[PDB]
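Undergrad: Fold the following and give me the result.
(one chain, ligands or ions: 1)
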Amino acid sequence: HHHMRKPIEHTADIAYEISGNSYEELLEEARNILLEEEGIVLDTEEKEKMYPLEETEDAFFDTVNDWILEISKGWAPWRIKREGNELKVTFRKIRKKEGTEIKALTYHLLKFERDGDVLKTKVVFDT
Ligand SMILES: [Ca+2]
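TA: Residues are numbered from 1 along each chain as shown. The structure is reproduced below:
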């Protein structure tokens, strides 16, 4: 008989608490996390996509995960501009990456909480 240490797999790998005064600022913080965590260095070429400005965890989840898909295609979220009830996201071509590859934003602990002027939530990513 034996015991063999084995690796544990988690979808909850890294966590941050993001805060801001609006849904758009939480997305700006999700963007900041992706660039920083992945050590993304940007080229100058740009590309843009539209996302619905819906202040829900579901829209947040869909948006950030779409950014991760774009990152796998060589494009990183860079700027965010509100246009009516939608958000125009400008992506920049990724020159290089140096860091931890983020696989996805999970639904773990994703819940917007209001505290005065502050909107906040934990965001848990899978690596
Ligand atoms: Ca994992």
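
Undergrad: Bridged to the nearest residue to residue 10 once chain neighbours are set aside, which residues?
TA: Nearest residue to residue 10, sequence neighbours excluded (CB to CB, 6 or more residues apart in numbering): residue 126, at 7.6 Å. (Each C-beta comes from the backbone N, C-alpha and C, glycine too.) Beta bridges link residue 126 to residue 104, judged by DSSP bridges.

Undergrad: how close does residue 126 sit to residue 28?
TA: For residue 126, the distance to residue 28 equals 21 Å [CB to CB, to the nearest Å].

Undergrad: re the thing from before, gap between the residue nearest to residue 10 and the ion?
TA: Residue 126 sits 5 Å away from the ion, going by CB to the ion, to the nearest Å.

Undergrad: wait, that residue sits on residue 100?
TA: No: taking CB atoms under 8 Å as the definition, residue 126 is not a contact partner of residue 100, at 11.0 Å.

Undergrad: Looking at the two, which one has more neighbours?
TA: Set residue 126 next to residue 100 and count neighbours by other CB atoms under 10 Å: residue 126 wins out with 16 against 13.

Undergrad: Just the residues contacting the helix or strand that contains residue 119, thanks.
TA: Residue 119 belongs to strand 118-126 when elements are defined using DSSP states H and E. Defining contact as CB atoms under 8 Å, 6 or more residues apart in numbering, one finds that strand 118-126 is touched by 10-23, 25-26, 30, 33, 37, 57, 64, 102-106, 108-113.

Undergrad: Intersect those with the contacts of the ion.
TA: Counting by CB under 5 Å from the ion, residue 13 from the contacts of strand 118-126 sit close to the ion.

Undergrad: any chance you could map the strands in this protein?
TA: 14-20, 41-52, 75-83, 86-96, 104-105, 113-115, 118-126 (DSSP state E).

Undergrad: Pull out the buried residues from the fourth one.
TA: The reference is to strand 86-96. Neighbour-count burial for strand 86-96, counted by 16 or more other CB atoms under 10 Å, picks out 87, 89, 91-92, 94.

Undergrad: Residue 75: which of these is nearest?
TA: Distance to residue 75 across the buried residues of strand 86-96 (CB to CB) is lowest for residue 91, with 4.1 Å.
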